[PDB]
């Protein structure tokens, strides 16, 4: 069941270009539906499945596959999220850029790092009293790292 509200939330929290963990749910002649989050499914067009030319999506993915895919567009009016597997792989880098994997909020518009609230830059430590914020942040960061490790698996494969 799709809600505008859930799709709007996803858009307000996932920057275009983000690389997200998805599950391949259905193959059609023009691509593969991939579920990224509860009630959030996107389409990888068949042209966005790989670098090589593919005639049927089945040549690249199967229902049940985990795939790290890039968010390339979001259309809330028509409730469609566009995804790309090929572009995820083009953007990949052995060096971890947290900004691509769920930490976009940790960089300002010019791309400088933004120290999280509760952490002191000039001293390079977390502050007393912000233990809960530290834990939320470290969870986020660990999940971003995990996504990158998953992506490294995808490239190694």
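Numbering follows the first chain given and starts at 1.
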> So which stretch wins on mean C-alpha B-factor, 89 to 97 or 114 to 122?
Replying inline: 114 to 122
> For the C-alpha atoms alone, is the average B factor greater in 99 to 107 or in 124 to 132, going by the entry?
Replying inline: 124 to 132
> According to the deposited entry, which of 60, 40, 69, 32 has the largest Cα B-factor?
Replying inline: 40
> Going by the entry, which third of its chain does the Cα temperature factor of residue 142 land in?
Replying inline: middle
> Taking the entry's C-alpha B-factors for this chain, is residue 26 in the lowest, middle or highest third?
Replying inline: middle
> Would the CA B-factor of residue 8 place it in the lowest, middle or highest third of its chain?
Replying inline: middle
>> Considering every modelled residue of the chain and its Cα B-factor in the PDB entry, is residue 51 in the lowest, middle or highest third?
In response: highest
